[PDB]
Amino acid sequence: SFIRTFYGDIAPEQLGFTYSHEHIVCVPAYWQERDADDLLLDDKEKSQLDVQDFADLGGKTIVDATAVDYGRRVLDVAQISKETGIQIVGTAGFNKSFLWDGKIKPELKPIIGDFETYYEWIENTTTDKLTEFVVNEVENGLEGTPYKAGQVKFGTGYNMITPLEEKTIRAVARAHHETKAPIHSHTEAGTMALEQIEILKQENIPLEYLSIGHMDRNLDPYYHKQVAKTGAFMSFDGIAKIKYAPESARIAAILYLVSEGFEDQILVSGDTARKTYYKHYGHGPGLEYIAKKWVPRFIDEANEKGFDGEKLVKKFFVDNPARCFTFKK
Ligand SMILES: [Zn+2]
Ligand SMILES: [Zn+2]
């Protein structure tokens, strides 16, 4: 088996230290149209400086969760990978339905069809044709480029799975059946994981093939244990996001799952989606933050609370991503 990166399929042992959910260069139509400039990562050289910080700290791989509705700049990301040496796992599929109001860029029309918005495209395209689109991103390349995606994604809304969202879940599940690519989901504020899981079960998807994004947004031990029992990977990707929770709260939730025997299912990242989050755009914590500052604190705090901090860090950033992001064949 293998992990599919922009520059080739690699052995799991080659993945190394990994951030499991990030954004690098992207210009989401929905946000661009609303002049939300902070959500546009629109400078390749600035993004590259953060990725280089990661590389300098011993980082090896970034999973780039930018989906088709989030304004990919695949060629820029590929160039960054080439220049920094950081391996990139790209993402096929969809991010979240509120983005679908955004206009379809000219480059997508030859691939997707002559549709004004993502909503129009998704509403008027059969599930099977949506599956074809996702499969082609994994097998042929993203957005007319030769850089293939290494995971397939879908997303749901705040305490909602709409009919169209459900359609995309089924399209992505079926794309998994064809390609065997790992599956990632967006949960809005950490909601709807159990309902996502029910749809995937109807589609005959083994749940250990799924990583669920944004579990750190809903810090509920009972809910987390319900999700973990299915075998799904659980992504804590809001590290440093004090506006959502203090770091202690995220760390406590992680350690609860460890105490209940689920350490092998935990993934960690920063979901760095803003200029103000990048060191070299707006002087935020940057891609350096987790490796440089969070890791030593987690190790220390976990050790203080009786855990094996170093072993856990190795699992969260090395062993677990190597298990999660391998194709299922
Ligand atoms: Zn997301
Ligand atoms: Zn994201």
Side-chain angles (χ1 to χ4, degrees), residues 4 6 23-37 39-44 47 64-79 88-157 160-179 181 183-186 188 196 199 203 273:
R4 175 154 297 173
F6 273 18
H23 302 275
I24 304 171
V25 184
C26 52
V27 188
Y30 177 93
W31 292 123
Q32 187 188 39
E33 291 167 30
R34 283 164 181 70
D35 295 306
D37 192 73
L39 285 162
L40 315 180
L41 295 177
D42 57 2
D43 190 315
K44 179 273 203 183
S47 300
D64 181 343
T66 309
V68 75
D69 50 353
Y70 211 70
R72 305 196 186 100
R73 292 304 187 268
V74 179
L75 296 176
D76 290 308
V77 175
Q79 187 64 31
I88 304 295
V89 175
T91 298
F94 316 88
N95 183 172
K96 51 197 175 190
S97 70
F98 82 73
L99 296 170
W100 299 349
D101 180 70
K103 288 179 177 180
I104 292 172
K105 58 185 183 183
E107 294 85 355
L108 288 177
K109 301 206 173 183
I111 303 164
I112 277 175
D114 194 19
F115 292 107
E116 188 65 25
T117 64
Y118 297 97
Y119 266 124
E120 187 183 34
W121 166 43
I122 295 166
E123 176 58 79
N124 295 285
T125 300
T126 64
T127 305
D128 290 351
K129 284 296 176 185
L130 291 176
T131 295
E132 296 193 14
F133 162 80
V134 178
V135 172
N136 289 340
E137 292 198 315
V138 171
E139 299 290 24
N140 298 338
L142 291 151
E143 304 193 359
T145 78
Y147 307 105
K148 310 173 196 167
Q151 77 172 350
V152 295
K153 180 180 180 183
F154 63 83
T156 52
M160 293 174 284
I161 298 187
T162 67
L164 278 181
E165 282 163 358
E166 176 181 335
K167 183 187 204 175
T168 66
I169 302 181
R170 300 189 192 276
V172 168
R174 296 166 196 183
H176 162 82
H177 284 303
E178 296 192 359
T179 64
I183 303 160
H184 185 63
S185 74
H186 165 96
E188 188 60 42
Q196 290 184 352
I199 293 169
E203 296 290 327

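Here, residue 1 is the first one in the sequence, and each next residue gets the next number. Every heavy atom of this structure was used, including side-chain atoms; hydrogens, water molecules and symmetry mates were not.
- Shown here for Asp64 and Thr91, the closest heavy-atom pair between the two residues is O-OG1, 2.7 Å.
- Here the closest non-hydrogen pair linking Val152 and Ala181 is CG1-CB, 4.1 Å.
- For NZ of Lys167, the number of neighbouring non-hydrogen atoms (other residues, nucleotides, ligands) closer than 6.0 Å is greater than 12.
- With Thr145 contributing its side chain and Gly141 its backbone, the two residues share no donor-acceptor pair below 3.5 Å.
- Closest of all the heavy-atom pairs between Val134 and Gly93 is CG2-CA, 4.1 Å.
- Minimum interatomic distance between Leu142 and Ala92 (heavy atoms only, all atoms of both residues): CD2-CA, 4.4 Å.
- To the nearest 0.5 Å, the span separating CD on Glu120 from CD1 on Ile112 amounts to 11.5 Å.
- In this structure, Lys129 places its NZ atom where only 12 or fewer heavy-atom neighbours from other residues, nucleotides or ligands lie under 6.0 Å away.
- For the pairing with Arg72, the side-chain hydrogen bond (donor to acceptor under 3.5 Å, both in side chains) check across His23, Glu107, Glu137 returns one residue only, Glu137.
- The closest side-chain heavy-atom distance from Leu41 to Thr66 is not below 4.5 Å.
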| query | Is there a side-chain contact (heavy atoms from CB on, under 4.5 Å) between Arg73 and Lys44 once you walk through the steps? | reply | CA-CA 9 Å; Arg73 292 304 187 268; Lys44 179 273 203 183; over 6 Å; no
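- Considering CG of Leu75 and OH of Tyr147, their distance stands at 6.5 Å, rounded to 0.5 Å.
- Here the straight-line distance linking atom CZ of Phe154 with atom NE2 of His176 works out to 12.0 Å at 0.5 Å rounding.
- The two residues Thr117 and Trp100 come nearest to each other via the heavy atoms CB-O, 3.6 Å.
- Between the CZ atom in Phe6 and the CD atom in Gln79 there is a gap of 12.5 Å [rounded to 0.5 Å].
- Considering NZ of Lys105 and CD of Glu143, their distance stands at 3.5 Å, rounded to 0.5 Å.
- Using a 4.5 Å heavy-atom cutoff, the side chains of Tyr30 and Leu39 are not in contact.
- Partner of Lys153 under the side chain to side chain contact (heavy atoms under 4.5 Å, CB included) criterion, chosen from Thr168, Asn95, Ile183, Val68: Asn95.
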| field | Test log, rule side-chain hydrogen bond (donor to acceptor under 3.5 Å, both in side chains), inputs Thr156 and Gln196 | value | CA-CA 8 Å; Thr156 52; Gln196 290 184 352; 2.8 Å; yes
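- Contact detail for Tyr118 and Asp69: the closest heavy-atom pair is CZ-CA, 3.5 Å.
- Side-chain contact annotation: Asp128 with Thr126, donor-acceptor N/O pair under 3.5 Å absent.
- Distance CD/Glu166 to OG1/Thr127: 9.0 Å, rounded to 0.5 Å.
- Between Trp121 and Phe94, the ring-plane angle classifies as tilted under the 30° and 60° cut-offs.
- Counting heavy atoms from C-beta on, the side chains of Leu40 and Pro28 come closer than 4.5 Å.
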